[PDB]
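Colleague: Residue numbers (the entry's author numbering), protein chains in the order written: chain P, 43 to 51; chain P', 43 to 51; chain A, -2 to 71, 78 to 231; chain A', -2 to 71, 78 to 231. A prime marks a further copy of an entry chain.
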Amino acid sequence: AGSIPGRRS
Amino acid sequence: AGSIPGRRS
Amino acid sequence: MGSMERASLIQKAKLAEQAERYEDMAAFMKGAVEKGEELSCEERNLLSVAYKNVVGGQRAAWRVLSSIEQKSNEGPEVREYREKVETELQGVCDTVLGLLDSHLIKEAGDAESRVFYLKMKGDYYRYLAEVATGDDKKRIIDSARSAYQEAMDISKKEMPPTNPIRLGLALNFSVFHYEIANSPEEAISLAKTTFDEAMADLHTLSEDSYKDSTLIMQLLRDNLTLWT
Amino acid sequence: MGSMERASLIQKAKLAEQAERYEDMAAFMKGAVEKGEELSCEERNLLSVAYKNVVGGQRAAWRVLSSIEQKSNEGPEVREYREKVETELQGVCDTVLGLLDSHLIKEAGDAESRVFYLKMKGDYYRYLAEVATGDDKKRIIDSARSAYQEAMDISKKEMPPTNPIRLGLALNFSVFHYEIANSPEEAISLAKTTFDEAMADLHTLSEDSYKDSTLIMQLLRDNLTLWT
Ligand SMILES: *Cc1ccc(C(=O)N2CCOCC2)cc1
Ligand SMILES: *Cc1ccc(C(=O)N2CCOCC2)cc1
Ligand SMILES: [Cl-]
Ligand SMILES: [Cl-]
Ligand SMILES: [Cl-]
Ligand SMILES: [Cl-]
Ligand SMILES: [Mg+2]
Ligand SMILES: [Mg+2]
């Protein structure tokens, strides 16, 4: 189950 | 040009 | 970071992201927050990206060590080292929650900023809940739920169904339901209703907004595929 | 790490490697070295793997920032942040070199341990040379050269041409020649002679030793392909 990756910005 | 990876042991 | 200019902290946070130095990124953004000014949309993303990467590495390490520890219970070193990583993770979560509480959330009046910070609050309580086992796991879970719920209520009143923050909030709240709250039916229902209402709003969007929204809708779909 | 048992430090270094927590790994292995006992073959590998990963991430970040800095020279933030990363990298290299000097190398009597530590010494001076620009780049380069050369002299007298430590030493010394010493012909000659003499010794090896040696010979071949 994946949450928002949110690793790149 | 690659040296010894040496990242896993 | 009290002696560094706010603008320099922001600039160095961007450099640290390019260098994949996420611990530095987080320290720079912590310093920028502590300057006391509100954060712009871009600056909020920098704060979030920094700490998500830091705690993401800690969570991954904690899961490796927790798994080894569980296999051994079928010396004290594995428990001790899992405890060390767990304490470090809790400290980072507490730091982020402290920034939100002092004083990002109370000064956030626009829907875009307030929903963003409350989603953040739900996420970092969720990370605390993942490792919680004592007399306060229930209170930590309710703290996560309450933050997510307030963010949901605002996002449904103030944002279109395709808004990427609204969609990512619903995605993570559904993961909370499934993984933390033992409510898989609520998780599936939320992801389905979120996806369907976004699909019906896509016709209003530009090509670039369409790409932003459909990317997050695919993440909702991926979870539904895993859960059903 | 003075209050932790040597065996616990070693055990936790292995756990940290599994968790990809290389900074912790290095701190645990630093503590193990400072117990004052010699290191076993496996323990030497743990020490080397830990610090290679730590400095490897620092070198990658330094190169990102150095490149941005060079594009800007065609505020002080990019230089300042590159300087911060560079200082942190130098500190880690100095720490490793300090461990080798106090007192790993002087107590290393067997060829396998002595060549291993001297290769390490050459490597960490090479990393210092990569960022050196002042009145001591030449001295740093000669320190790297001297360590590699002593290791080469021992390995040629005491180890078979297929020994993986001897092969990896020759590989890294050839990279030193090519990248640091501005001697590409010496680099190519060393890699070629190393490869050819290993190929002629492969018939003596077991299936598992054959796999170990041919893997490093392919790395020599990859460099020769890039250099010729
Ligand atoms: C909570 C959150 C964070 C980021 C985003 C977003 O817009 N992303 C861009 C595309 O990939 C996912 C991240 C939405 C929600
Ligand atoms: C300096 C050095 C380090 C490690 C090795 C080695 O045996 N490896 C196994 C296979 O992949 C490369 C590392 C040789 C030399
Ligand atoms: Cl520990
Ligand atoms: Cl405000
Ligand atoms: Cl800096
Ligand atoms: Cl000895
Ligand atoms: Mg100012
Ligand atoms: Mg003891």
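Even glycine gets a Cβ: it sits at the ideal position worked out from N, Cα and C.
Expressed to the nearest angstrom, what Euclidean distance is found between the alpha-carbon atoms of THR231 of chain A' and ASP225 of chain A'?
Modeller: Those two C-alpha atoms are separated by around 10 Å.
Colleague: Just the C-alpha distance for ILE143 of chain A' and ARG18 of chain A, rounded to the nearest angstrom, thanks.
Modeller: Distance between the alpha carbons of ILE143 of chain A' and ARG18 of chain A is about 27 Å.
Colleague: According to DSSP, simplified to helix, strand and coil, what is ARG50 of chain P?
Modeller: Correct three-state label for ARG50 of chain P: coil.
Colleague: Run the CB neighbour count on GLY112 of chain A', radius 10 Å, all protein chains shown included, and call it buried at 16 or more, exposed below.
Modeller: So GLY112 of chain A' ends up on the exposed side.
Colleague: Let me check understanding here. Comparing Cα to Cα, which of A':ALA10, A':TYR127, A':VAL88 lies closest to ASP104 of chain A'?
Modeller: For the residues A':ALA10, A':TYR127, A':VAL88, the minimum Cα distance to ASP104 of chain A' belongs to A':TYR127.
Colleague: Hey, how far is the Cα of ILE108 of chain A from the Cα of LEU121 of chain A?
Modeller: Cα to Cα, the separation comes out at about 7 Å.
Colleague: Could you tell me if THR90 of chain A is buried or exposed, where buried requires 16 or more neighbouring beta carbons within 10 angstroms of its beta carbon?
Modeller: Exposed, since its Cβ has fewer than 16 Cβ neighbours within 10 Å.
Colleague: Kindly list, in the order they appear in chain A', the residues whose Cβ is closer than 9 Å to that of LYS32 of chain A.
Modeller: Simply none; closest approach about 16 Å.
Colleague: Rounded to a whole number of angstroms, what is the C-alpha to C-alpha distance between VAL118 of chain A and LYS140 of chain A?
Modeller: Straight-line Cα distance between these residues: approximately 24 Å.
Colleague: Kindly say whether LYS9 of chain A', judged by its beta-carbon, lies nearer than 8 Å to any beta-carbon of chain A.
Modeller: Yes, contact with chain A.
Colleague: Beta-carbon within less than 7 Å of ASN50 of chain A''s beta-carbon, same chain only, minus the 5 sequence neighbours each way: which residues are those?
Modeller: Closer than 7 Å at the Cβ level, and outside the excluded window around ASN50 of chain A', lie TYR19.
Colleague: Say whether chain P' places a C-beta atom closer than 8 Å to the C-beta of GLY(-1) of chain A'.
Modeller: Cβ-Cβ to chain P' under 8 Å: no for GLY(-1) of chain A'.
Colleague: Pull up the distance between the alpha-carbon of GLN93 of chain A' and that of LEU205 of chain A, whole angstroms please.
Modeller: If I take the Cα positions, the gap works out to 53 Å.
Colleague: Quick one: which residues of the stretch 133 to 164 of chain A' get their C-beta closer than 9 Å to a C-beta of chain P'? List them in chain order.
Modeller: Result list empty, no residue passes.
Colleague: Can you name the start and end residues of the alpha helix (DSSP H) that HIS180 of chain A belongs to?
Modeller: Here the alpha helix (DSSP H) through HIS180 of chain A covers 167 to 182.
Colleague: Closest to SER116 of chain A' by CA distance: which of A':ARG85, A':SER45, A':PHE176, A':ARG60 is it?
Modeller: Here the closest residue by C-alpha is A':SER45.
Colleague: For the stretch 55 to 63 of chain A' and the stretch 26 to 40 of chain A', state whether three or more C-beta atom pairs, one from each stretch, are separated by less than 8 Å.
Modeller: Too few Cβ pairs lie closer than 8 Å, so no.
Colleague: Could you tell me which chain A' residues have their CB closer than 8 Å to the CB of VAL52 of chain A, listed as they occur along the chain?
Modeller: Those within 8 Å of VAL52 of chain A in chain A' number zero; the least Cβ separation is about 14 Å.
Colleague: Can you tell which of A:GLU210, A:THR228, A:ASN175 has its C-alpha closest to the C-alpha of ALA154 of chain A?
Modeller: Checking every option, the nearest Cα to that of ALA154 of chain A belongs to A:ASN175.
Colleague: So that I know if they touch, is there some Cβ in chain A' lying closer than 8 Å to that of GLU210 of chain A?
Modeller: With 8 Å as the cut-off, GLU210 of chain A does not count as an interface residue toward chain A'.
Colleague: Listing by chain order, which chain P residues have their CB less than 9 Å from the CB of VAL46 of chain A?
Modeller: In chain order: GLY48, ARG49, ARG50, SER51.
Colleague: Just to confirm the assignment: which complete beta strand (DSSP E) runs, minimum length 3, are found wholly within the stretch 98 to 156 of chain A'?
Modeller: List check, beta strand (DSSP E) in window: nothing returned.
Colleague: Provide the residue span of the alpha helix (DSSP H) that contains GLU34 of chain A, from first to last.
Modeller: Where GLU34 of chain A is concerned, there is no enclosing alpha helix (DSSP H), given that its DSSP letter is neither H nor E.
Colleague: Label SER177 of chain A either buried or exposed according to how many other C-beta atoms from any shown protein chain fall within 10 Å of its C-beta, with 16 as the threshold for buried.
Modeller: Burial call: buried.
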